[PDB]
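As structure tokens, the structure follows; a few thoughts come after it.
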Amino acid sequence: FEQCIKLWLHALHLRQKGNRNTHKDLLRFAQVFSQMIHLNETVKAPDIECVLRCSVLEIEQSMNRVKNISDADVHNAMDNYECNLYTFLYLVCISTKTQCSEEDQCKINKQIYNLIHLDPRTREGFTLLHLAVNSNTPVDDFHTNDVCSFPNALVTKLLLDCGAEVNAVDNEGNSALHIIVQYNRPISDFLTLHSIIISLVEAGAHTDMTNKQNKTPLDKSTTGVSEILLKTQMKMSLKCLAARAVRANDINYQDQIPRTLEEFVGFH
Amino acid sequence: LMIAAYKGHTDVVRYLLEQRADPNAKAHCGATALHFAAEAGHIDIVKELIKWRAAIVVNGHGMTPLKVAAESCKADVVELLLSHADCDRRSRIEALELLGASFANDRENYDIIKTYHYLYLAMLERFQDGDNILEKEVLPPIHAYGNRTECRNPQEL
Amino acid sequence: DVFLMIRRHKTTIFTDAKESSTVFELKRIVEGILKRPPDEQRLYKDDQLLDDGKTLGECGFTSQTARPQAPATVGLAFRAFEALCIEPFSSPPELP
Amino acid sequence: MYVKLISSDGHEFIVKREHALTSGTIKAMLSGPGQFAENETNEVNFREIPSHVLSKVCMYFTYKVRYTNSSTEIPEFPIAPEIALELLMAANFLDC
């Protein structure tokens with residue numbers, strides 16, 4: 001697989017230097033890594049970090065392209081950019097699935113940090129965290145479907161380690177915690193529902209934030225296991241209770257509270 | 001139907017149930033093809049039988065299909081059978097505890113992290129309300145298992 | 001584990017006492033902080049006099065009645081005993 | 001050992017040290033040139049927040065110290081509609 005990886009990497013470099021679309025190339029390359037993972041073979045780190053750099057560069061270029069383009073090309077660029085985001089997620093899953101050295105892990109963390117601070121968003125507004133914890137995140141029908149499973153407790157911890165905005169919101173206002181609570185396989189998968197909830201909570205997720213329809217994470221929980229497990233990790237605070245009472249009683253909080261507190265009552 | 005559910009083939013089970021078969025009929029000991037579908041880990045067969053109202057009844061050993069699935073470290077089948085609109089708290093927590101215990105001592109499915117996590121999940125489900133708190137029926141200590149008298153508190157767990 | 005509030009005209013004390021206890025323990029722990037002797041202090045609770053150390057339950061506060069969410073306001077009086085002049089907290093402004 | 005939590009109305013709200021240290025700027029006020037290292041008063045001045053929001057804050061201190069691990073038995077802390085938007089700013093200022 002070494003020769004195939006090297007040839008694919010050279011082709012990807014040649015296509016990238018020519019300023020051409022590489023979402024399909026990155027997708028096929030991640031499919032190749034997933035197929036190699038499914039065969040239980042040792043994985044090199046330098047190609048992983050090189051393709052991570054290529055993927056973050058391609059996602060930046062896709063954002064640049066979709067920033068101003070025709071409407072049919074808007075749809076094409078949005079589809080290709082979301083596909084690039086998904087392929088970056090698959091690459092992060094591959095990176096965290098294999099064993100890497102300290103400097104290689106540092107370089108991978110640097111690339112993920114660069115993409116996270118780039119702040120990518122899909123059509124619905126899912127960041128990298130809202131997709132790594134979403135069970136509705138699409139996985140390609142090829143070999144990526146074998147090892148890249150979402151929600152993943154290792155991708156999320158990697159994104160939290162690289163500093164993803166934990167309290168980020170979708171177009172509906174759903175945090176990264178409003179999405180993992182409504183997981184449909186709590187008992188079957190009480191290792192990526194526990195190691196994610198206990199990761200988001202300790203990374204600074206407000207376990208009381210309200211989305212656009214005013215539903216807290218334990219109010220947006222479709223299963224009883226998530227409610228039990230979220231209420232264990234959640235911590236009480238008088239700023240949360242008082243803001244919740246302000247929102248519930250429909251009190252006018254406009255210009256009678258600090259500007260940094262008008263946002264706090266915005267979602268609590 | 002019982003042997004079809006016990007095997008890994010679900011098309012035959014679907015064809016049988018599509019013509020109003022007997023998913024509530026008893027086998028030798030107690031099996032209603034649910035105790036056989038929830039033995040090798042065939043989630044689709046369990047789903048099909050639950051959809052056509054195969055009912056939950058104890059076998060000759062007093063083992064519900066949920067408890068049989070929990071005994072064989074079948075987390076998927078336990079997840080499916082814990083959502084039945086009539087499961088009861090005592091059965092839900094005993095199935096979770098049995099699943100966690102089964103993960104501790106097994107060869108094909110040996111996970112001690114899953115053991116602790118399912119035991120803790122069933123513990124938190126016991127101790128959540130304070131009022132009408134569910135307490136564990138701790139058996140007297142057994143010399144074979146050291147001298148541990150179960151874990152009826154989350155602190156010792 | 002019952003949480004009590006000892007209120008004078010201005011000062012206010014937030015203490016905790018065991019259910020299986022008497023009034024003597026809370027008398028001691030309020031004497032320690034306010035440096036006043038137990039015979040001078042009187043638990044003028046709900047416009048009613050109380051005893052010294054007989055029983056927690058008959059005084060008027062129980063585990064359910066006194067909670068950390070809103071503990072029962074137990075007054076305090078000193079010998080000159082003084083009258084109950086517990087100054088109420090400021091009235092919040094009326095919401096629109 | 002005990003913290004005297006004055007208010008803007010002059011009310012004293014003596015609570016336990018561990019109960020008051022759950023707040024942030026209470027610990028920040030006690031530290032720095034405000035120790036008064038004789039454990040007799042430990043006063044802190046609140047020249048902006050009224051007495052009733054102190055009542056709610058101290059009740060929350062007892063509420064949090066008592067309720068730190070009790071699963072879902074956590075009782076709902078009652079906030080009056082008029083006292084909210086004043087307990088909110090007070091909890092912001094205290095980093096509560």
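Labels for the structure tokens follow display order: chains A, B, ..., residues from 1 in each chain, ligands from 1.
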- [ ] Name all residues at most 6 Å from stretch 21-34 of chain D (count only C-alpha atoms; drop same-chain ones fewer than 5 positions away) and give them as a list in words.
- [x]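 Within the cut-off, the hits are residues 94, 95 and 96 of chain D.
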With N, CA, C and O atoms retained, export the selected residues as a CSV table (one decimal), in the first residue's frame.
chain,number,residue,atom,x,y,z
D,94,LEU,N,-20.6,38.4,41.2
D,94,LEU,CA,-19.9,37.5,42.2
D,94,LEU,C,-19.3,36.3,41.5
D,94,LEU,O,-18.7,35.5,42.2
D,95,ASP,N,-19.4,36.1,40.2
D,95,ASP,CA,-18.9,35.0,39.5
D,95,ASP,C,-19.4,33.7,40.1
D,95,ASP,O,-18.7,32.7,40.3
D,96,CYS,N,-20.7,33.7,40.5
D,96,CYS,CA,-21.3,32.7,41.3
D,96,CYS,C,-21.6,31.4,40.5
D,96,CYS,O,-21.8,31.4,39.3
- [ ] For stretch 108-123 of chain B, please output as a list in words all residues within 7 Å (counting only C-alpha atoms; exclusion window: fewer than 4 positions along the same chain).
- [x] residues 73, 93, 96, 97, 99, 100, 101, 103, 104, 127 and 154 of chain B
Write out the residues from the selection above, keeping N, CA, C and O atoms, as a compact mmCIF listing (two decimals), in the first residue's frame.
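Wrote it out as out.txt, contents follow:
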# COMPACT_ATOMS: atom_id res chain seq x y z
N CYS B 73 -23.98 -10.73 26.16
CA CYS B 73 -23.23 -9.52 25.80
C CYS B 73 -23.70 -8.93 24.47
O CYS B 73 -22.90 -8.47 23.66
N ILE B 93 -33.11 -1.89 34.73
CA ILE B 93 -31.85 -1.90 35.48
C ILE B 93 -31.28 -3.31 35.64
O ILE B 93 -30.06 -3.47 35.60
N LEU B 96 -29.54 -3.99 32.36
CA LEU B 96 -28.30 -3.23 32.23
C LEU B 96 -27.20 -3.79 33.13
O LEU B 96 -26.04 -3.91 32.71
N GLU B 97 -27.55 -4.16 34.36
CA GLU B 97 -26.58 -4.76 35.27
C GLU B 97 -26.08 -6.09 34.75
O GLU B 97 -24.89 -6.40 34.85
N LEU B 99 -25.95 -7.00 31.58
CA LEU B 99 -25.09 -6.71 30.44
C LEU B 99 -23.70 -6.29 30.90
O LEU B 99 -22.68 -6.77 30.39
N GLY B 100 -23.65 -5.38 31.88
CA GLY B 100 -22.36 -4.96 32.40
C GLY B 100 -21.59 -6.09 33.04
O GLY B 100 -20.38 -6.20 32.87
N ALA B 101 -22.28 -6.95 33.78
CA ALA B 101 -21.63 -8.10 34.40
C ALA B 101 -21.15 -9.09 33.35
O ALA B 101 -20.06 -9.67 33.49
N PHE B 103 -20.20 -8.46 30.31
CA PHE B 103 -19.01 -7.96 29.63
C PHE B 103 -17.73 -8.21 30.41
O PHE B 103 -16.65 -8.18 29.83
N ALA B 104 -17.83 -8.45 31.72
CA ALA B 104 -16.63 -8.60 32.54
C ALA B 104 -15.96 -9.95 32.33
O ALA B 104 -14.73 -10.03 32.26
N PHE B 127 -30.32 5.16 41.41
CA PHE B 127 -30.25 6.30 42.32
C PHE B 127 -30.35 7.58 41.50
O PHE B 127 -29.35 8.23 41.19
N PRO B 154 -22.98 3.99 44.46
CA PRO B 154 -22.06 4.46 43.41
C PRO B 154 -20.67 4.78 43.92
O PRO B 154 -19.74 4.81 43.12
- [ ] May I ask you to extract the residues of chain A within 6 Å of chain D, using only C-alpha atoms, and to give them as a list in words?
- [x]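 So the contacting residues turn out to be residues 238, 239, 242, 243 and 246 of chain A.
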TODO: Would you kindly report the residues of chain D within 6 Å of chain C, using only C-alpha atoms, as a PyMOL selection string?
DONE: chain D and resi 11-15+51-52+59+62-63+77+82
- [ ] Go through C:46, C:40, C:57, C:85 and flag the residue nearest residue C:18, using only C-alpha atoms for the distances.
- [x]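 When distances to residue C:18 are compared using only C-alpha atoms, the smallest one comes from C:57.
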Within 7 Å of chain B: each chain A residue with its shortest pair, only C-alpha atoms, as CSV:
residue,atom,partner,partner_atom,distance
A:187,CA,B:79,CA,5.3
A:188,CA,B:75,CA,4.8
A:228,CA,B:125,CA,6.9
Residue selection dump (C-alpha atoms) as a CSV table (one decimal), in the first residue's frame:
chain,number,residue,atom,x,y,z
A,187,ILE,CA,-27.2,1.7,25.4
A,188,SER,CA,-25.7,0.0,22.4
A,228,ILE,CA,-29.3,10.4,33.2
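Shortest separation to residue B:57 among B:90, B:35, B:42, B:28 occurs at residue B:35, atoms counted being only C-alpha atoms.
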TODO: Compile the contact shell of residue A:42 as a ChimeraX atom specification: residues with an atom at most 12 Å away, counting only C-alpha atoms, same-chain residues fewer than 6 positions apart removed.
DONE: /A:1-2,33,36,94-95,97-100
Open item on the list: Residues within 10 Å of residue C:26, please, as a PyMOL selection string. Count only C-alpha atoms; anything in the same chain fewer than 2 positions from it doesn't count.
Closed with: chain C and resi 4+6+15-18+21-24+28-32+53+56
For the residues in that selection, give me N, CA and C atoms as a CSV table (one decimal), in the first residue's frame.
chain,number,residue,atom,x,y,z
C,4,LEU,N,-31.0,26.2,58.9
C,4,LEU,CA,-31.7,27.2,59.6
C,4,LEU,C,-31.1,28.6,59.4
C,6,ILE,N,-30.9,32.3,61.4
C,6,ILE,CA,-31.1,33.0,62.6
C,6,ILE,C,-31.0,34.5,62.3
C,15,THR,N,-27.0,28.5,59.3
C,15,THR,CA,-26.4,27.4,59.9
C,15,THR,C,-27.1,26.1,59.5
C,16,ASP,N,-26.5,25.0,59.9
C,16,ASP,CA,-27.0,23.6,59.6
C,16,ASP,C,-26.9,22.8,60.9
C,17,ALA,N,-28.0,22.0,61.1
C,17,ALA,CA,-28.0,21.2,62.3
C,17,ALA,C,-28.5,19.8,61.9
C,18,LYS,N,-28.0,18.8,62.6
C,18,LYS,CA,-28.4,17.4,62.4
C,18,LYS,C,-29.9,17.2,62.8
C,21,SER,N,-30.7,15.7,66.7
C,21,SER,CA,-30.0,16.7,67.6
C,21,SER,C,-31.0,17.5,68.3
C,22,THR,N,-30.6,18.3,69.2
C,22,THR,CA,-31.4,19.2,70.0
C,22,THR,C,-31.1,20.6,69.7
C,23,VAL,N,-31.8,21.5,70.5
C,23,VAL,CA,-31.6,23.0,70.4
C,23,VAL,C,-30.2,23.4,71.0
C,24,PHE,N,-29.7,22.5,71.9
C,24,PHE,CA,-28.4,22.9,72.5
C,24,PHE,C,-27.3,23.1,71.5
C,28,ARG,N,-25.2,26.5,71.0
C,28,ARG,CA,-23.8,26.6,71.1
C,28,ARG,C,-23.1,27.3,69.9
C,29,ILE,N,-23.6,26.8,68.7
C,29,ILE,CA,-22.9,27.3,67.5
C,29,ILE,C,-23.4,28.8,67.1
C,30,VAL,N,-24.5,29.3,67.7
C,30,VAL,CA,-24.8,30.7,67.6
C,30,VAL,C,-24.2,31.5,68.7
C,31,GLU,N,-23.9,30.9,69.8
C,31,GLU,CA,-23.1,31.6,70.9
C,31,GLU,C,-21.7,31.8,70.4
C,32,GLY,N,-21.1,30.8,69.7
C,32,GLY,CA,-19.7,30.9,69.3
C,32,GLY,C,-19.4,32.0,68.4
C,53,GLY,N,-33.2,23.5,75.5
C,53,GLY,CA,-32.6,22.4,74.9
C,53,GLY,C,-33.4,21.1,74.8
C,56,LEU,N,-35.8,19.6,69.0
C,56,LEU,CA,-35.8,20.3,67.8
C,56,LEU,C,-37.2,20.4,67.1
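Between atom CA of residue B:46 and atom CA of residue B:25 there is a distance of 15.3 Å.
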- [ ] For residue A:186, list every protein, DNA or RNA residue within 7 Å, evaluated using only C-alpha atoms, and leave out those in the same chain fewer than 3 positions away; present the list as an NGL selection string.
- [x] :A and (183 or 189-190 or 193 or 225-226)
- [ ] Enter the distance from atom CA of residue A:137 to atom CA of residue A:49, in Å, rounded to one decimal.
- [x]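 Those two atoms sit 23.2 Å apart.
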Open item on the list: Need to verify the contact set: stretch 130-136 of chain B, 6 Å, only C-alpha atoms, exclusion of same-chain residues closer than 3 positions in sequence. Can you return it as a list in words?
Closed with: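 Residues meeting the cut-off are residues 126 and 152 of chain B; 73 of chain D.
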Open item on the list: Please report the interatomic distance between atom CA of residue A:138 and atom CA of residue A:31 in Å with one decimal.
Closed with: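 Answer for the atom CA of residue A:138 to atom CA of residue A:31 separation: 13.8 Å.
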Open item on the list: Using only C-alpha atoms for the distances, tell me which of A:143, A:130, A:244, A:206 is nearest to residue A:171.
Closed with: A:130
Task: Best match for closeness to chain C among A:260, A:252, A:64, A:80, counting only C-alpha atoms - done: A:252
